[PDB]
Amino acid sequence: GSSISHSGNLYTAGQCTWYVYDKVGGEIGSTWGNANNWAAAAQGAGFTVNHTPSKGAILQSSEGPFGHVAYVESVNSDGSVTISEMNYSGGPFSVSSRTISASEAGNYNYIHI
């Protein structure tokens, strides 16, 4: 018998790929590796990765020490994307706010079912 309730995310207590996973309800993730291996592991798991951030999806790029994933809370009709990335790979619990321009969004992939 295992409770499995106060567990949820297999990640730490403050990771870029931790906050993302919890913000998507655990629909996709876990086996995606980390931010720099996202698109590869996502496709391996069976996700469809494109590159168009949207409300409820996640932002991703391979650039960075661990890559760059940030959960997308909403994409603005202006062409700017409102994402949320906690800790990333540096500041613990730094709920990093970032605004992605459409040009930048063209760089960032996103993995959806």
# chains A, B, ... in the order shown; residues from 1 in each chain; ligands from 1
call {"tool": "residues_around", "arguments": {"residues": "region 37-53 of chain A", "least_positions_apart": "2", "cutoff": "12 Å", "atoms": "only C-alpha atoms", "output": "PyMOL selection string"}}
result
chain A and resi 16-17+20+27-35+55-77+79-84+99-113
call {"tool": "select_by_dssp", "arguments": {"residues": "region 22-102 of chain A", "states": "helix (DSSP H, G or I)", "output": "list in words"}}
result
residues 22, 23, 35, 36, 37, 38, 39, 40, 41, 42, 43, 44, 45 and 102 of chain A
call {"tool": "select_by_dssp", "arguments": {"residues": "chain A", "states": "strand (DSSP E)", "output": "number ranges by chain"}}
result
A: 48-50, 58-61, 68-75, 80-86, 95-101, 110-112
